[PDB]
$ cat run_18.csv   # CSV, C-alpha atoms
chain,number,residue,atom,x,y,z
A,17,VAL,CA,176.8,132.8,152.8
A,18,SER,CA,176.1,129.2,154.0
A,19,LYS,CA,179.6,129.2,155.6
A,20,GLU,CA,178.5,132.3,157.6
A,21,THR,CA,175.1,130.9,158.5
A,22,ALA,CA,176.8,127.8,159.9
A,23,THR,CA,179.0,130.0,162.1
A,24,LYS,CA,176.2,132.4,163.2
A,25,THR,CA,174.2,129.4,164.3
A,26,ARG,CA,174.6,129.0,168.1
A,27,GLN,CA,176.7,132.1,168.4
A,28,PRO,CA,176.4,135.0,170.9
A,29,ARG,CA,174.5,138.1,169.8
A,30,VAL,CA,172.3,136.3,167.3
A,31,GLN,CA,170.5,139.5,166.7
A,32,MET,CA,169.6,139.2,163.0
A,33,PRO,CA,166.5,139.8,160.8
A,34,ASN,CA,163.2,138.3,162.2
A,35,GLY,CA,162.9,135.9,159.2
A,36,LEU,CA,166.4,134.6,160.0
A,37,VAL,CA,166.3,134.4,163.8
A,38,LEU,CA,162.9,132.6,163.7
A,39,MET,CA,164.6,130.0,161.5
A,40,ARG,CA,167.2,129.2,164.2
A,41,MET,CA,165.2,129.7,167.4
A,42,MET,CA,163.4,126.4,167.2
A,43,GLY,CA,166.6,124.7,166.1
A,44,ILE,CA,168.4,125.8,169.3
A,45,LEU,CA,165.4,124.9,171.4
A,46,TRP,CA,165.4,121.4,169.9
A,47,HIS,CA,168.7,120.8,171.5
A,48,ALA,CA,168.2,123.1,174.5
A,49,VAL,CA,165.3,121.0,175.8
A,50,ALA,CA,167.2,117.7,175.5
A,51,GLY,CA,170.9,118.4,175.4
A,52,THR,CA,172.5,121.8,176.3
A,53,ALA,CA,173.0,125.4,175.2
A,54,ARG,CA,171.5,128.3,177.1
A,55,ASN,CA,172.8,131.7,176.3
A,56,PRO,CA,171.6,134.7,178.4
A,57,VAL,CA,171.0,137.0,175.5
A,58,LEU,CA,169.5,134.1,173.5
A,59,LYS,CA,167.1,133.4,176.4
A,60,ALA,CA,166.0,137.0,176.5
A,61,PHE,CA,165.1,137.1,172.9
A,62,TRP,CA,163.4,133.7,173.2
A,63,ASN,CA,161.3,135.1,176.0
A,64,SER,CA,160.3,137.9,173.7
A,65,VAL,CA,159.2,135.7,170.8
A,66,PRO,CA,155.7,136.6,169.5
A,67,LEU,CA,152.9,134.1,169.6
A,68,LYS,CA,151.0,134.3,166.3
A,69,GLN,CA,154.1,135.3,164.3
A,70,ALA,CA,155.8,132.1,165.6
A,71,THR,CA,153.1,129.8,164.4
A,72,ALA,CA,153.2,131.6,161.1
A,73,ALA,CA,156.8,130.5,160.6
A,74,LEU,CA,156.2,127.0,162.1
A,75,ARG,CA,153.6,126.2,159.4
A,76,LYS,CA,155.8,127.7,156.7
A,77,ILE,CA,159.5,126.7,157.1
A,78,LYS,CA,158.6,123.1,158.1
A,79,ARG,CA,156.7,122.7,154.8
A,80,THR,CA,159.8,123.7,152.8
A,81,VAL,CA,161.9,121.1,154.6
A,82,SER,CA,159.2,118.5,153.6
A,83,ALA,CA,159.1,119.8,150.0
A,84,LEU,CA,162.8,119.5,149.6
A,85,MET,CA,162.8,116.0,151.2
A,86,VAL,CA,160.3,114.7,148.5
A,87,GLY,CA,161.9,117.0,145.9
A,88,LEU,CA,165.3,115.2,146.2
A,89,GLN,CA,163.5,111.9,145.8
A,90,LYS,CA,162.3,113.1,142.4
A,91,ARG,CA,165.9,113.3,141.3
A,92,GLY,CA,167.1,110.2,143.1
A,93,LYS,CA,167.1,108.2,139.9
A,94,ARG,CA,169.0,109.9,137.1
A,95,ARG,CA,169.8,108.6,133.6
B,17,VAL,CA,162.6,112.4,182.0
B,18,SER,CA,164.1,115.2,179.9
B,19,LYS,CA,167.3,115.0,182.1
B,20,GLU,CA,167.7,111.3,181.0
B,21,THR,CA,167.1,112.0,177.3
B,22,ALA,CA,169.4,115.1,177.4
B,23,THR,CA,172.5,113.1,178.0
B,24,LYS,CA,171.5,110.7,175.2
B,25,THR,CA,171.4,113.3,172.5
B,26,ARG,CA,174.4,113.1,170.2
B,27,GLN,CA,175.7,110.3,172.3
B,28,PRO,CA,177.2,107.0,171.0
B,29,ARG,CA,175.0,103.9,170.9
B,30,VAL,CA,172.0,106.0,170.4
B,31,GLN,CA,169.8,103.0,169.6
B,32,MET,CA,166.6,104.7,170.8
B,33,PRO,CA,163.0,103.7,169.9
B,34,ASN,CA,161.6,104.6,166.4
B,35,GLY,CA,159.9,107.8,167.4
B,36,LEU,CA,162.7,108.7,169.7
B,37,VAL,CA,165.6,108.2,167.3
B,38,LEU,CA,163.7,110.1,164.6
B,39,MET,CA,163.5,113.1,166.9
B,40,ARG,CA,167.3,113.0,167.3
B,41,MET,CA,167.8,112.6,163.5
B,42,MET,CA,165.5,115.6,163.0
B,43,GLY,CA,167.8,117.6,165.2
B,44,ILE,CA,171.5,116.6,164.9
B,45,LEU,CA,171.2,116.4,161.1
B,46,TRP,CA,170.3,120.1,161.1
B,47,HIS,CA,173.2,121.0,163.3
B,48,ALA,CA,175.6,119.0,161.2
B,49,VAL,CA,174.8,121.4,158.3
B,50,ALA,CA,174.7,124.5,160.5
B,51,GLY,CA,177.7,123.7,162.5
B,52,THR,CA,179.1,120.2,163.2
B,53,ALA,CA,178.4,116.9,165.1
B,54,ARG,CA,178.4,113.9,162.7
B,55,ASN,CA,178.3,110.6,164.4
B,56,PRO,CA,178.6,107.3,162.3
B,57,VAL,CA,175.6,105.9,164.2
B,58,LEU,CA,173.4,108.6,162.8
B,59,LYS,CA,175.1,108.5,159.4
B,60,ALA,CA,174.3,104.8,159.1
B,61,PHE,CA,170.7,105.3,160.3
B,62,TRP,CA,170.2,108.1,157.8
B,63,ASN,CA,171.8,106.0,155.0
B,64,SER,CA,169.2,103.3,155.5
B,65,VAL,CA,166.4,105.8,156.4
B,66,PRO,CA,163.2,105.6,154.3
B,67,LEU,CA,162.3,108.4,151.9
B,68,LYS,CA,158.5,108.5,151.2
B,69,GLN,CA,157.7,107.1,154.7
B,70,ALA,CA,160.0,109.7,156.3
B,71,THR,CA,158.1,112.8,155.1
B,72,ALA,CA,154.9,111.4,156.5
B,73,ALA,CA,156.3,110.6,159.9
B,74,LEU,CA,158.2,113.9,160.1
B,75,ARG,CA,155.1,115.9,159.1
B,76,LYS,CA,153.2,114.1,161.8
B,77,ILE,CA,155.6,115.4,164.5
B,78,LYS,CA,155.9,118.8,162.8
B,79,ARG,CA,152.2,119.3,163.6
B,80,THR,CA,152.6,118.4,167.3
B,81,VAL,CA,155.4,120.9,167.9
B,82,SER,CA,153.5,123.6,166.2
B,83,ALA,CA,150.3,122.7,168.0
B,84,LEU,CA,152.1,123.1,171.3
B,85,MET,CA,153.0,126.7,170.5
B,86,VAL,CA,149.4,127.5,169.7
B,87,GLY,CA,148.2,125.6,172.8
B,88,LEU,CA,150.4,127.8,175.0
B,89,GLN,CA,148.9,130.9,173.5
B,90,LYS,CA,145.5,129.8,175.0
B,91,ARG,CA,147.2,130.0,178.4
B,92,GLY,CA,149.3,133.0,178.0
B,93,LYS,CA,146.7,135.3,179.6
B,94,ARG,CA,145.9,133.9,183.1
B,95,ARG,CA,142.9,135.6,184.8

$ encode --input "run_18.csv" --output "C-alpha cells"
Amino acid sequence: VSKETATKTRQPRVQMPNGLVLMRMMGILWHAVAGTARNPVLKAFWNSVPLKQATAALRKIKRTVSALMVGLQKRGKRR
Amino acid sequence: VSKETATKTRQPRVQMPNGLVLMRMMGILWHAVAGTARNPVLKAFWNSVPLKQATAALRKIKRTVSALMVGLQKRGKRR
C-alpha cells in the first residue's frame, strides 16, 4: 500500500524487510546529512548496515529510478 | 559547510547553483511522494526541468554517492 509506505517513511521502528529498509535508508540519510531527522533506533540500524549488500542496492534501485525517468519520456507524447 | 546547506534544504528562495539545486530536487521530490513537503519553488523548477539531460546528470551523481560507500569499505578495517 503506497499510502502505508508513505506513512512508514520516517517513522519510529522502521524495522521492515531488508529489501524495503535499504530503499529508505539512503533517502533518510539524504536529508539527515543536510537538513534534520536523527532517530535513535534508526541510527542503530544504520550503524549496522552491511557494506557489500549496500552497494548491491545502490547500483540496482538507482537504475530503476533512471529507467522510469526515461520510460515516462517515451509516453510523453500521446495521440 | 553542511551546517549552512542544512538550513537551506526545503527552504523558500532555494535558488542554489545548478549542481546544488539538483541535489535538493533529488531529495525533496522523493519525500513529497513518501510523505509531504511540496514547495512552489521546487514545483516550478521541476516543471521546467529537462528530461533527457536530467537522467544523465542524475546518473552522474548516483555514481559518486555509491562510490563513496565502496570507498569507505576500503577504510573500514584500520590496522

$ residues_around --input "run_18.csv" --residues "region 57-62 of chain A" --least-positions-apart "2" --cutoff "8 Å" --atoms "all atoms listed in the file" --output "ChimeraX atom specification"
/A:28-30,41,54-55,64-65

$ interface_residues --input "run_18.csv" --of "chain B" --to "chain A" --cutoff "8 Å" --atoms "only C-alpha atoms" --output "VMD selection string"
chain B and resid 18 to 19 21 to 25 43 46 49 to 51 67 to 68 71 75 78 82 85 to 86 89

$ atom_distance --input "run_18.csv" --atom1 "CA of residue 35 (chain A)" --atom2 "CA of residue 77 (chain A)"
10.0 Å

$ atom_distance --input "run_18.csv" --atom1 "CA of residue 38 (chain A)" --atom2 "CA of residue 56 (chain A)"
17.2 Å
